[PDB]
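Student:
Chains as they are written, first to last, in the deposited numbering: chain E, 3 to 334; chain D, 7 to 334; chain C, 935 to 1031; chain EC, 395 to 541; chain K, 1 to 51; chain I, 1 to 51; chain J, 1 to 101.
1. Listed in chain order, which residues of the segment 143-157 of chain E have Cβ atoms closer than 7 Å to some Cβ of chain EC?
2. The alpha helix (DSSP H) that contains residue 140 of chain D, what's its start and end?
3. Cβ of residue 150 of chain D within 8 Å of Cβ of residue 138 of chain D?
4. Any beta carbon of chain I sitting closer than 8 Å to that of residue 994 of chain C?
5. When you compare only the Cα positions, how much space is there between residue 159 of chain E and residue 14 of chain E?
6. Locate the alpha helix (DSSP H) running through residue 37 of chain I, then write down its first and last residues.
7. Which of helix, strand or coil does DSSP assign to residue 65 of chain D?
8. Along the chain, where does the alpha helix (DSSP H) that runs through residue 269 of chain E open and close?
9. Going by DSSP in three states, residue 9 of chain J sits in which element: helix, strand or coil?
10. Since residue 277 of chain D and residue 308 of chain D should fall inside the 8 Å C-beta cutoff, what is the C-beta to C-beta distance between them, to a whole number of angstroms?
11. Ignore the nearest five residues each way along the sequence and tell me which others in residue 453 of chain EC's own chain have a CB closer than 7 Å to its CB.
12. Between residue 9 of chain I and chain D, is any beta-carbon pair separated by less than 8 Å?
13. Which residues of the segment 286-299 of chain D have a Cβ closer than 9 Å to any Cβ of chain E? Give them in chain order.
14. Helix, strand or coil: which one does DSSP assign to residue 155 of chain E?
15. Go to residue 162 of chain D, then tell me how far its beta strand (DSSP E) extends in each direction, as first and last residue.
16. With three or more beta-carbon pairs closer than 8 Å as the criterion, would you say the segment 166-184 of chain E touches the segment 200-215 of chain E?
17. When you compare each of E/109, E/103, E/70 to residue 480 of chain EC by their alpha carbons, which one comes out closest?
18. Could you name the residues of chain B that residue 19 of chain I contacts, counting a contact when the two beta carbons are closer than 7 Å?
19. Could you give the C-beta distance for residue 39 of chain D and residue 81 of chain D, rounded to a whole number, given that I count them as a contact under 8 Å?
20. Residue 7 of chain E versus chain C: which residues are under 8 Å apart at the beta carbon?
21. Grouping DSSP H, G and I as helix and E and B as strand, with all else coil, what is residue 11 of chain E?
22. Considering Cα atoms alone, identify which of D/226, D/286, D/279 is closest to residue 296 of chain D.
23. Could you check whether residue 288 of chain E and residue 233 of chain D sit closer than 8 Å to each other, using their CB atoms as the reference points?
24. Between residue 442 of chain EC and residue 428 of chain EC, is the Cβ-Cβ spacing less than 8 Å?
25. Can you tell me the Cα-Cα spacing of residue 536 of chain EC and residue 37 of chain D, whole angstroms?
26. Counting contacts by CB-CB distance shorter than 8 Å, is residue 28 of chain I in contact with chain J?
27. To the nearest angstrom, report how far apart residue 180 of chain E and residue 71 of chain E are at their CA atoms.
28. Interface residues of chain J around residue 133 of chain K at Cβ under 8 Å?
29. Which complete beta strand (DSSP E) runs does the segment 268-318 of chain E hold, if anything under 3 residues is left out?
30. Assuming the contact rule is C-beta atoms closer than 8 Å, residue 16 of chain K and residue 8 of chain K should be a hit. Round their C-beta distance to whole Å, please.
31. Just how far apart, CA to CA, sit residue 120 of chain E and residue 319 of chain E?
32. Examine the Cβ distances between the segment 22-38 of chain I and the segment 953-965 of chain C and report whether three or more of them are shorter than 8 Å.
33. Apart from the five residues just before and just after residue 1 of chain K, which ones in its own chain have a Cβ nearer than 8 Å to its Cβ?
34. At the level of alpha carbons, what is the spacing between residue 194 of chain D and residue 224 of chain D?
35. Can you list the residues of chain J that residue 972 of chain C reaches, using a CB-CB cut of under 7 Å?
36. How far does the beta strand (DSSP E) with residue 110 of chain E in it reach, from first residue to last?
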């Protein structure tokens, strides 16, 4: 018989922690990672590639796989940390599109002010609430239990019966809908100012603020008001437990006209690289990390730096005067 | 519809950042490790086969763990090492001491049967090529080359004559003859070996620590052609860090006193802040090696990793040791 | 224990020194006198009672001790068991979720 | 320091009657009470005592037969809990209220605190619950202006 | 006063003195012996004189 | 002849002088430097002379 | 500088130095107490001095009981002696010619 048998878990926060760290690790020049993103392979996977249902071959990782990916590479683009943001899935009160706009489950996080139907309050950016408590009547995820409280006493999920009457409101620390009456209670987080909403937010994913960037303005994020008791905090992402970072990048034909030219079959596959070094005429010369935003693959040293992530797609065709955008996210 | 992958290196990469991220004082993480819960799981908890209840993650779960917490210990980055599973040439006890698979990593000189060469620390070789005769992981293929040309794994029939040798680039006992060929990596100096190495896991050197001595690690010899390189950990692709910590009764005599039923469960915490008499007073990150959970602010810092065990009983003048391995 | 002519003997090919339950292995011991006087009775009493149980060397005439902070205990010790070569046959420790 | 057994909360009606524990009469919730951490604040008609401490003796339930079975296991235990609403802000307060007509003599884990409810002084006159923020800031809460 | 640290006879013998009693048997012996010429911090090749 | 003792490392290990080796090894290391100074149970700040 | 080796208080108590740090606190202790008087493996009842060289500096200074046998050949030696000396006195210093430069 097994003598010792033990149990241990990592908190979801540690996901976040890695991220926040990982966010820290992109450097400017020195001793912190620098990131280039690359596309290539005009060459067709196979004649099918155009047709529907075609799945390009699953990429290969090897010094061989590297070389090949490194071989075809059309172009390269750097990444500034400010294009990297933490994000959580956006969910708006009252939104028809998505299921149960009016039915919220405990700890769900609800955005307000996002949309006209959503919007309670004018002259304010988007709001972010989390829903602490849900109506008592409902159904339990564990089929054995018909009581919310009993469902939760065991800890199984609970879905409430009664829909929300109104989207949550108030800066107020507790303050969902407590006095007059409702089944839901709502927790407030911070408010999002519109420009960032507009520029950052994807209707699936709100963009979540950095603790650092927060240190600058607690107000612009509406966080200044509260109560922390740890003093300054700003570690808000811990509270929301965002595990997801959004890479944003912008491709333009101009840096790489050659792959942009009419008749290019476009690039099949994508690759990101970290801390590559410049090309050098003399191999004894000291290595140089790459400042400029784009490099033709030539101007980069062969194989310098490490590429973490490789990708293969059906061909995508860049075109001149087009401006194409790439987003890649990460859950650590 | 596209296909995409992350390199195994990125496992390593996470670590290196994460390794970078433990700070001393400022603006970089500090790590405390905590034990607690004298309280018995259940009367059984002692008995064989007892498995403590699967832990819970929540502000509630936190609080409780934060409640019982006996003691706390910091971690210096020098107690954090990259490690890979140790496998020695020729060790009888474990299967196929003499049978190596492509890209396996072999330590030499570790033991007398291992040891080829006196007066040198441990060696680390990787095995490029394996004897031609063997077995394929794919039952359909009888050729190593065909098995591998397709990429199925191959198990070689013929054992190695000797553990590999020489600093040079693939050695491999290639000329005179053998089925194995060998690539050299670095040599491990003895002092680090004895103290760091767990017979399952050798300790792998940090690049910075590598930046200090290429020689003490035997890496000075090679060839990088990038100038300094030192990114060696990429080559071994270690995804696994070993936390080492030291518990001592002296810092926490109270839990050490005769008759304690010991601590059930373990928890690590990052960047807690000191206790303050006045909450308006500015926060202070925690330098000292141990803090009574009291001397730490309630709930301060984040605990990434929670743990539950059958009870372990500390005793004074006993000295208890903890190792933890994260695979990124 | 075995220490031919200059030095303790460690086993072949694996190089490990040899211990036995050396003579007078299990013995009561007297706790005879002095500690009570020698201490003066500190360590929240238990002066002789605390005693520092069992193995530890300080009697100072010993083969096995040499010089270290720590003597390990392979009993009451765990790698659990997983994965990699080396590792125990019996996990003595395991982990479930 | 202020210590030992009583941990008492006492209730006064009358002033002929006496001092009376209500929440006190437990042994357990005594331990919840802490000199540094535990604090009371009343609003109107409700009363809020802090507890920053929680652990349970009882809430574990045993035998976990399903996992006991699948793991070929005897014993273990379930780690179980009732639900209390904790402050998610760090230091993560827990509260207890008598909410009915003022007091009404039971205290309970609370559907939630209005955060940091203790330390908020109660005013009848111009009724507010005021406290001084850390980083030396005056916090005031009040109700006003139903149109 | 040489403060001889004693071992019982052969190795393995249950007798001895102590690693504890050796402590300060060891150290005073130093002090006593050393503080003669070494007279605190540093020994004097010119010798130690105590007024 | 100073008879330095080698030092074991941090863990139970069979390498190096085991303490009973050190026993009388250090105890010697005394008398040597000691006798050359002490000449018997007392050390001499003025040093010692040998007939 | 004597490298005095502690143990905590009473026997059997938690506090004490180490077996491990027992050494080299104890051994280097030998060396220094030796090294001034001994020079090498063996002590000198007649004492031991350590050559300061004309080659090294034009100056040495202040070692109280560390005696020197002095070279001026390479350069003139300017030897300064400990300053301010508190209430000590009694301290003899020894400088000599191991040869005459």
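We put the CB at the ideal spot given by N, CA and C, even for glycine.
Tutor: Let me spell this out:
1. 154, 155
2. Counting along the chain, residue 140 of chain D falls outside any alpha helix (DSSP H), though it belongs to the beta strand (DSSP E) covering 140-142.
3. yes
4. yes
5. 18 Å
6. 19-38
7. helix
8. Residue 269 of chain E -> no alpha helix (DSSP H), and no H or E assigned at all.
9. coil
10. 7 Å
11. 474, 475, 476
12. yes
13. 286, 287, 288, 289
14. helix
15. 160-162
16. no
17. E/109
18. You won't find chain B in this structure, because its protein chains are E, D, C, EC, K, I and J.
19. 6 Å
20. 1027, 1028, 1029, 1030
21. strand
22. D/279
23. yes
24. no
25. 42 Å
26. no
27. 58 Å
28. Missing from the structure shown is residue 133 of chain K; chain K here goes from 1 to 51 and no further.
29. 271-276, 311-314
30. 5 Å
31. 38 Å
32. no
33. 32
34. 7 Å
35. 11
36. 110-114
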